[PDB]
Every structure is written in C-alpha cells, then in structure tokens.
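Asker: First the structure, which I've put down as structure tokens, then a few questions once you've had a look.
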Amino acid sequence: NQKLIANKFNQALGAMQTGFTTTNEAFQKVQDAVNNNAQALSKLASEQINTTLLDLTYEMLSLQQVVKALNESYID
Amino acid sequence: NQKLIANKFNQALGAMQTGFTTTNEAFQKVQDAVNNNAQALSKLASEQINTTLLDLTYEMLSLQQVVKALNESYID
Amino acid sequence: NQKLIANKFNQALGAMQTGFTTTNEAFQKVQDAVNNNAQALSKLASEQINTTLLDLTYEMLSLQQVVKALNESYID
C-alpha cells in the first residue's frame with residue numbers, strides 16, 4: 001500500500017471532476033431558465049417592475065478551471 | 001506518517017461527499033422554485049409567452065453517483 | 001515520492017475549496033434572482049397565485065463548513 005493510496009486518490013479525483021463539471025452544467029441551465037422567465041415576466045408586464053437577470057459567468061468559468069486544476073493532481 | 005496521509009484523505013473525502021450532497025439538495029430546491037414560478041407566470045398570463053422549465057434530472061442523479069463513487073475511495 | 005503524493009493532495013484540496021466556494025457564491029446569486037423575480041411576479045399579479053421563495057440558508061452554510069473542513073486536511 002502506497003500504490004493503493006495513489007489508486008484511491010486518482011479514483012476520487014475522477015469523481016471530483018465529474019461533480020464540478022455536472023455542477024457547472026446545472027448552473028448553466030439554471031441561468032438560462034431564470035433569465036428566460038425574467039424576460040417573459042417583463043414582456044407580460046408591458047402588455048413596478050424590477051426583475052433581475054442571473055449572470056454566473058465568473059462562477060462557471062471558475063468551475064471549469066477547478067476541473068482543469070484537478071487534472072494536474074493525478075498520479076501516474 | 002502514511003497513516004496521517006490516509007487520515008487526512010478520508011477526512012477530506014467526507015467533506016467532499018457532504019459538499020456534493022448539499023449541492024444536489026440545493027439544485028432540487030432551485031428546480032422546484034423556478035418551475036413553480038414559471039407555472040405561476042403562465043397561469044397569470046392566461047388571465048408571448050415563452051417560459052422555460054428546469055429539468056436537472058441528469059445532473060442530480062450524476063451528483064448522487066459522485067457521492068457514491070467517493071465512498072469507494074475510503075481507506076480502511 | 002511520498003512528498004509528491006502530499007503535494008498533489010494539497011494541490012487538489014485547494015481546487016476543491018475553490019469549487020465549493022464558487023458553488024456557494026453561485027447559489028447565493030440564484031437565490032437572490034429567483035426571489036426578486038418571484039416578488040416581481042406577485043406584485044404584477046396584484047395589479048392564483050402561488051409563487052415560491054428559495055431559501056438555501058442551510059445549504060450555503062453547509063458549503064461554507066465544507067470549505068472549512070477541507071482546510072483541516074492540508075499536509076504541512
């Protein structure tokens with residue numbers, strides 16, 4: 001066991017990468033839905049009003065970099 | 001120290017599992033709220049309109065599998 | 001290599017902390033946008049209706065604790 005540690009660590013890294021990739025994908029969908037429905041509300045109102053748009057550009061790019069960074073922790 | 005490495009790794013794994021479980025729980029709530037409020041908007045409009053529903057089925061199941069996968073990286 | 005394992009592990013921990021911090025930040029923004037737009041909808045309706053508010057207090061605090069817990073897995 002030093003080889004077994006490295007195996008479990010690489011294995012965990014793969015799971016962590018999937019989790020943040022998936023999280024990033026979910027946030028994109030949330031942004032699109034919230035913003036579509038905000039614009040629909042604004043349009044209906046035209047036919048206060050203070051709606052807000054979601055912008056998660058920074059967060060989504062940051063999650064992508066996190067998955068990238070994890071790639072560099074793998075053990076050959 | 002090889003025992004201390006394994007301890008810190010198991011400890012980190014526990015934190016990672018909690019994080020993705022919590023993230024998964026939050027996404028479920030976001031989906032429910034966004035969709036409830038989209039349906040409320042559609043109903044009000046009936047009384048363009050292009051509202052969108054959130055479906056994060058794939059992402060939430062994927063997060064569950066990630067937490068499952070992490071379980072398999074523990075060191076006895 | 002035992003030093004290389006510890007280095008990659010610390011490196012991965014840093015990435016994991018960033019990911020959950022970023023995720024936590026994104027959820028805060030999602031909560032604010034969804035709730036602002038729910039209140040806007042309620043106001044427009046006043047001028048069923050069953051809108052829902054998002055509260056991710058537990059999840060956001062939990063993510064903060066996860067980042068805290070990860071800090072304690074670092075190897076000197």
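Each chain in the structure tokens gets a letter, A, B and so on, in the order shown; residues start at 1 in every chain, and ligands are counted from 1 in the order they appear.
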Compute the chain A side of the contact with chain C at 10 Å, counting only C-alpha atoms, and hand it back as a PDB file with C-alpha atoms, in the first residue's frame.

Answerer:
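Generated file (selection_5.pdb):
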```
ATOM      1  CA  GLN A   2       1.313   3.281  -1.391  1.00  0.00           C
ATOM      2  CA  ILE A   5      -3.398   5.122  -1.785  1.00  0.00           C
ATOM      3  CA  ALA A   6      -2.489   6.562  -5.186  1.00  0.00           C
ATOM      4  CA  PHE A   9      -6.740   9.251  -4.808  1.00  0.00           C
ATOM      5  CA  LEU A  13     -10.114  12.902  -8.368  1.00  0.00           C
ATOM      6  CA  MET A  16     -14.493  15.286  -8.038  1.00  0.00           C
ATOM      7  CA  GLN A  17     -14.044  16.334 -11.662  1.00  0.00           C
ATOM      8  CA  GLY A  19     -19.111  16.572  -9.717  1.00  0.00           C
ATOM      9  CA  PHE A  20     -17.869  20.066 -10.621  1.00  0.00           C
ATOM     10  CA  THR A  23     -22.490  21.334 -11.164  1.00  0.00           C
ATOM     11  CA  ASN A  24     -21.251  23.722 -13.870  1.00  0.00           C
ATOM     12  CA  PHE A  27     -25.768  26.229 -13.236  1.00  0.00           C
ATOM     13  CA  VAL A  30     -30.472  27.428 -14.124  1.00  0.00           C
ATOM     14  CA  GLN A  31     -29.165  30.676 -15.588  1.00  0.00           C
ATOM     15  CA  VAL A  34     -34.240  32.061 -14.742  1.00  0.00           C
ATOM     16  CA  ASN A  35     -33.323  34.627 -17.410  1.00  0.00           C
ATOM     17  CA  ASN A  37     -38.586  33.542 -17.332  1.00  0.00           C
ATOM     18  CA  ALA A  38     -37.480  37.004 -16.224  1.00  0.00           C
ATOM     19  CA  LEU A  41     -42.299  38.389 -16.992  1.00  0.00           C
ATOM     20  CA  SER A  42     -41.007  41.740 -18.292  1.00  0.00           C
ATOM     21  CA  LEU A  44     -46.083  40.289 -19.834  1.00  0.00           C
ATOM     22  CA  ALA A  45     -45.799  43.352 -17.601  1.00  0.00           C
ATOM     23  CA  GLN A  48     -43.016  48.123 -10.987  1.00  0.00           C
ATOM     24  CA  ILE A  49     -41.310  46.306 -12.403  1.00  0.00           C
ATOM     25  CA  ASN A  50     -37.961  45.168 -11.062  1.00  0.00           C
ATOM     26  CA  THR A  51     -36.783  41.810 -12.417  1.00  0.00           C
ATOM     27  CA  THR A  52     -33.202  40.592 -12.127  1.00  0.00           C
ATOM     28  CA  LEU A  53     -31.029  38.631 -14.529  1.00  0.00           C
ATOM     29  CA  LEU A  54     -28.647  35.923 -13.429  1.00  0.00           C
ATOM     30  CA  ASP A  55     -25.080  36.122 -14.596  1.00  0.00           C
ATOM     31  CA  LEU A  56     -22.865  33.302 -13.436  1.00  0.00           C
ATOM     32  CA  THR A  57     -20.113  33.889 -15.988  1.00  0.00           C
ATOM     33  CA  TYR A  58     -17.424  34.145 -13.337  1.00  0.00           C
ATOM     34  CA  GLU A  59     -18.625  31.123 -11.378  1.00  0.00           C
ATOM     35  CA  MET A  60     -18.969  28.842 -14.417  1.00  0.00           C
ATOM     36  CA  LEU A  61     -15.521  29.744 -15.728  1.00  0.00           C
ATOM     37  CA  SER A  62     -14.147  29.217 -12.216  1.00  0.00           C
ATOM     38  CA  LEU A  63     -15.682  25.732 -12.039  1.00  0.00           C
ATOM     39  CA  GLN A  64     -14.107  24.906 -15.405  1.00  0.00           C
ATOM     40  CA  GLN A  65     -10.711  25.955 -14.056  1.00  0.00           C
ATOM     41  CA  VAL A  66     -11.294  23.834 -10.941  1.00  0.00           C
ATOM     42  CA  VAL A  67     -11.836  20.737 -13.105  1.00  0.00           C
ATOM     43  CA  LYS A  68      -8.671  21.715 -15.038  1.00  0.00           C
ATOM     44  CA  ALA A  69      -6.678  22.108 -11.800  1.00  0.00           C
ATOM     45  CA  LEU A  70      -7.841  18.688 -10.565  1.00  0.00           C
ATOM     46  CA  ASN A  71      -6.442  17.142 -13.762  1.00  0.00           C
ATOM     47  CA  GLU A  72      -2.989  18.247 -12.637  1.00  0.00           C
ATOM     48  CA  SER A  73      -3.222  16.311  -9.351  1.00  0.00           C
ATOM     49  CA  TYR A  74      -3.368  12.882 -10.970  1.00  0.00           C
ATOM     50  CA  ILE A  75      -0.681  10.328 -10.102  1.00  0.00           C
TER      51      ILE A  75
END
```

Asker: Quick one: superpose chain C onto chain A using all C-alpha atoms paired in order, least squares, and give it to me as a short mmCIF file (atom, residue, chain, number, x, y, z; two decimals) with N, CA and C atoms, in the first residue's frame.

Answerer:
```
data_model
loop_
_atom_site.label_atom_id
_atom_site.label_comp_id
_atom_site.auth_asym_id
_atom_site.auth_seq_id
_atom_site.Cartn_x
_atom_site.Cartn_y
_atom_site.Cartn_z
N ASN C 1 0.79 -1.22 0.00
CA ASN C 1 0.00 0.00 0.00
C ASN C 1 0.84 1.29 0.00
N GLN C 2 0.90 1.90 -1.17
CA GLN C 2 1.31 3.28 -1.39
C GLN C 2 0.70 3.44 -2.77
N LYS C 3 0.73 2.31 -3.47
CA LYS C 3 0.05 2.12 -4.74
C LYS C 3 -1.48 2.11 -4.55
N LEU C 4 -1.95 1.57 -3.43
CA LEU C 4 -3.39 1.56 -3.17
C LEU C 4 -3.90 2.96 -2.81
N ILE C 5 -3.08 3.73 -2.09
CA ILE C 5 -3.40 5.12 -1.78
C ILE C 5 -3.52 5.95 -3.06
N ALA C 6 -2.51 5.84 -3.92
CA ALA C 6 -2.49 6.56 -5.19
C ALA C 6 -3.68 6.20 -6.07
N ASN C 7 -4.08 4.93 -6.04
CA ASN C 7 -5.23 4.47 -6.82
C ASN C 7 -6.54 5.08 -6.33
N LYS C 8 -6.72 5.09 -5.02
CA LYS C 8 -7.93 5.65 -4.43
C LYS C 8 -7.99 7.16 -4.64
N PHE C 9 -6.84 7.82 -4.54
CA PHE C 9 -6.74 9.25 -4.81
C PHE C 9 -7.09 9.62 -6.26
N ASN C 10 -6.47 8.95 -7.23
CA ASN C 10 -6.86 9.14 -8.63
C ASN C 10 -8.34 8.87 -8.86
N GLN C 11 -8.85 7.83 -8.22
CA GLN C 11 -10.25 7.46 -8.35
C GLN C 11 -11.14 8.58 -7.80
N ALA C 12 -10.77 9.12 -6.64
CA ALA C 12 -11.53 10.22 -6.05
C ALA C 12 -11.46 11.47 -6.93
N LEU C 13 -10.29 11.74 -7.49
CA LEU C 13 -10.11 12.90 -8.37
C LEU C 13 -11.08 12.85 -9.54
N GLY C 14 -11.26 11.66 -10.12
CA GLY C 14 -12.20 11.47 -11.21
C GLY C 14 -13.63 11.81 -10.82
N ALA C 15 -14.02 11.38 -9.62
CA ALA C 15 -15.33 11.70 -9.08
C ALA C 15 -15.47 13.20 -8.83
N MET C 16 -14.42 13.85 -8.30
CA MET C 16 -14.49 15.29 -8.04
C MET C 16 -14.66 16.07 -9.34
N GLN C 17 -13.97 15.64 -10.39
CA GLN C 17 -14.04 16.33 -11.66
C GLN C 17 -15.44 16.23 -12.24
N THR C 18 -16.02 15.04 -12.14
CA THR C 18 -17.39 14.84 -12.62
C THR C 18 -18.38 15.71 -11.86
N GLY C 19 -18.21 15.78 -10.54
CA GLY C 19 -19.11 16.57 -9.72
C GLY C 19 -19.13 18.05 -10.08
N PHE C 20 -17.95 18.63 -10.27
CA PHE C 20 -17.87 20.07 -10.62
C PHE C 20 -18.28 20.35 -12.07
N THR C 21 -17.97 19.43 -12.97
CA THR C 21 -18.45 19.52 -14.35
C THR C 21 -19.97 19.52 -14.38
N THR C 22 -20.56 18.58 -13.64
CA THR C 22 -22.02 18.43 -13.56
C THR C 22 -22.64 19.66 -12.91
N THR C 23 -22.02 20.12 -11.83
CA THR C 23 -22.49 21.33 -11.16
C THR C 23 -22.47 22.52 -12.13
N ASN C 24 -21.38 22.66 -12.88
CA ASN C 24 -21.25 23.72 -13.87
C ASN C 24 -22.35 23.64 -14.93
N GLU C 25 -22.61 22.43 -15.42
CA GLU C 25 -23.70 22.21 -16.38
C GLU C 25 -25.08 22.58 -15.82
N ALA C 26 -25.30 22.27 -14.55
CA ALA C 26 -26.58 22.58 -13.92
C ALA C 26 -26.74 24.08 -13.79
N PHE C 27 -25.67 24.78 -13.41
CA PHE C 27 -25.77 26.23 -13.24
C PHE C 27 -26.09 26.92 -14.55
N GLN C 28 -25.53 26.40 -15.65
CA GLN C 28 -25.83 26.97 -16.97
C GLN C 28 -27.32 26.87 -17.25
N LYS C 29 -27.89 25.71 -16.99
CA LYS C 29 -29.33 25.52 -17.21
C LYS C 29 -30.18 26.41 -16.30
N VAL C 30 -29.75 26.57 -15.06
CA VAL C 30 -30.47 27.43 -14.12
C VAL C 30 -30.45 28.87 -14.61
N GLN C 31 -29.29 29.31 -15.11
CA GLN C 31 -29.17 30.68 -15.59
C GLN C 31 -30.10 30.91 -16.76
N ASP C 32 -30.13 29.95 -17.68
CA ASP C 32 -30.93 30.11 -18.89
C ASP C 32 -32.42 30.15 -18.53
N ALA C 33 -32.84 29.29 -17.62
CA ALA C 33 -34.26 29.23 -17.27
C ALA C 33 -34.69 30.48 -16.52
N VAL C 34 -33.91 30.87 -15.51
CA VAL C 34 -34.24 32.06 -14.74
C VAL C 34 -34.31 33.29 -15.64
N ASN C 35 -33.34 33.44 -16.54
CA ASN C 35 -33.32 34.63 -17.41
C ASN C 35 -34.43 34.62 -18.46
N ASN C 36 -34.73 33.45 -19.02
CA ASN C 36 -35.85 33.34 -19.95
C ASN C 36 -37.16 33.74 -19.28
N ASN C 37 -37.34 33.28 -18.05
CA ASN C 37 -38.59 33.54 -17.33
C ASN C 37 -38.67 34.96 -16.79
N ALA C 38 -37.51 35.58 -16.58
CA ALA C 38 -37.48 37.00 -16.22
C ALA C 38 -37.88 37.85 -17.43
N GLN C 39 -37.40 37.49 -18.61
CA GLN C 39 -37.76 38.24 -19.79
C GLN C 39 -39.22 38.05 -20.15
N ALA C 40 -39.73 36.84 -19.91
CA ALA C 40 -41.16 36.59 -20.14
C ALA C 40 -42.03 37.43 -19.21
N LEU C 41 -41.58 37.58 -17.97
CA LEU C 41 -42.30 38.39 -16.99
C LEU C 41 -42.30 39.86 -17.42
N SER C 42 -41.13 40.35 -17.83
CA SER C 42 -41.01 41.74 -18.29
C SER C 42 -41.92 42.03 -19.47
N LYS C 43 -41.97 41.09 -20.41
CA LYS C 43 -42.82 41.23 -21.57
C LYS C 43 -44.30 41.25 -21.18
N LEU C 44 -44.69 40.35 -20.28
CA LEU C 44 -46.08 40.29 -19.83
C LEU C 44 -46.47 41.60 -19.14
N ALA C 45 -45.55 42.12 -18.33
CA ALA C 45 -45.80 43.35 -17.60
C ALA C 45 -46.05 44.52 -18.56
N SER C 46 -45.38 44.50 -19.71
CA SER C 46 -45.50 45.61 -20.64
C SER C 46 -46.85 45.58 -21.35
N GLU C 47 -47.52 44.44 -21.30
CA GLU C 47 -48.76 44.24 -22.07
C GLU C 47 -50.04 44.60 -21.30
N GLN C 48 -43.86 47.02 -11.27
CA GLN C 48 -43.02 48.12 -10.99
C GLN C 48 -42.44 48.52 -12.30
N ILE C 49 -41.57 47.68 -12.85
CA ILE C 49 -41.31 46.31 -12.40
C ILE C 49 -39.81 46.02 -12.38
N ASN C 50 -39.38 45.35 -11.33
CA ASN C 50 -37.96 45.17 -11.06
C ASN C 50 -37.54 43.70 -11.09
N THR C 51 -37.29 43.17 -12.28
CA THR C 51 -36.78 41.81 -12.42
C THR C 51 -35.27 41.83 -12.46
N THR C 52 -34.65 40.69 -12.14
CA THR C 52 -33.20 40.59 -12.13
C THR C 52 -32.73 39.45 -13.02
N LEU C 53 -31.62 39.67 -13.71
CA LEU C 53 -31.03 38.63 -14.53
C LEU C 53 -29.92 37.97 -13.74
N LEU C 54 -29.74 36.68 -14.00
CA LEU C 54 -28.65 35.92 -13.43
C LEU C 54 -27.47 35.98 -14.38
N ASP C 55 -26.31 36.33 -13.84
CA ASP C 55 -25.08 36.12 -14.60
C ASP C 55 -24.06 35.38 -13.75
N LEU C 56 -23.76 34.16 -14.18
CA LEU C 56 -22.86 33.30 -13.44
C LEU C 56 -21.63 33.08 -14.27
N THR C 57 -21.29 34.04 -15.13
CA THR C 57 -20.11 33.89 -15.99
C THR C 57 -18.86 33.58 -15.18
N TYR C 58 -18.63 34.35 -14.13
CA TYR C 58 -17.42 34.14 -13.34
C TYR C 58 -17.41 32.76 -12.70
N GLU C 59 -18.53 32.40 -12.09
CA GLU C 59 -18.62 31.12 -11.38
C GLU C 59 -18.46 29.91 -12.30
N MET C 60 -19.05 29.97 -13.49
CA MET C 60 -18.97 28.84 -14.42
C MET C 60 -17.55 28.68 -14.97
N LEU C 61 -16.91 29.80 -15.28
CA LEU C 61 -15.52 29.74 -15.73
C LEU C 61 -14.61 29.23 -14.61
N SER C 62 -14.92 29.64 -13.38
CA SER C 62 -14.15 29.22 -12.22
C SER C 62 -14.27 27.71 -11.98
N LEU C 63 -15.46 27.17 -12.19
CA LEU C 63 -15.68 25.73 -12.04
C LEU C 63 -14.91 24.97 -13.11
N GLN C 64 -14.91 25.50 -14.33
CA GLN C 64 -14.11 24.91 -15.41
C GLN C 64 -12.61 24.86 -15.06
N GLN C 65 -12.11 25.93 -14.47
CA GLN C 65 -10.71 25.96 -14.06
C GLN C 65 -10.44 24.97 -12.91
N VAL C 66 -11.43 24.78 -12.05
CA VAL C 66 -11.29 23.83 -10.94
C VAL C 66 -11.13 22.42 -11.49
N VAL C 67 -11.94 22.05 -12.47
CA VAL C 67 -11.84 20.74 -13.10
C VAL C 67 -10.46 20.59 -13.79
N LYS C 68 -10.01 21.65 -14.44
CA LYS C 68 -8.67 21.72 -15.04
C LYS C 68 -7.57 21.50 -14.00
N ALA C 69 -7.63 22.25 -12.91
CA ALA C 69 -6.68 22.11 -11.80
C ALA C 69 -6.62 20.69 -11.22
N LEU C 70 -7.78 20.07 -11.05
CA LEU C 70 -7.84 18.69 -10.57
C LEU C 70 -7.09 17.72 -11.48
N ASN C 71 -7.16 17.96 -12.79
CA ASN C 71 -6.44 17.14 -13.76
C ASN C 71 -4.95 17.06 -13.46
N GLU C 72 -4.41 18.15 -12.92
CA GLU C 72 -2.99 18.25 -12.64
C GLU C 72 -2.57 17.57 -11.33
N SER C 73 -3.53 17.02 -10.60
CA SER C 73 -3.22 16.31 -9.35
C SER C 73 -3.17 14.80 -9.52
N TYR C 74 -3.37 14.32 -10.74
CA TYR C 74 -3.37 12.88 -10.97
C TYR C 74 -1.98 12.30 -10.74
N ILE C 75 -1.94 11.04 -10.32
CA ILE C 75 -0.68 10.33 -10.10
C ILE C 75 -0.51 9.26 -11.17
N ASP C 76 0.62 9.29 -11.88
CA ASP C 76 0.87 8.34 -12.95
C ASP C 76 0.95 6.91 -12.41
#
```
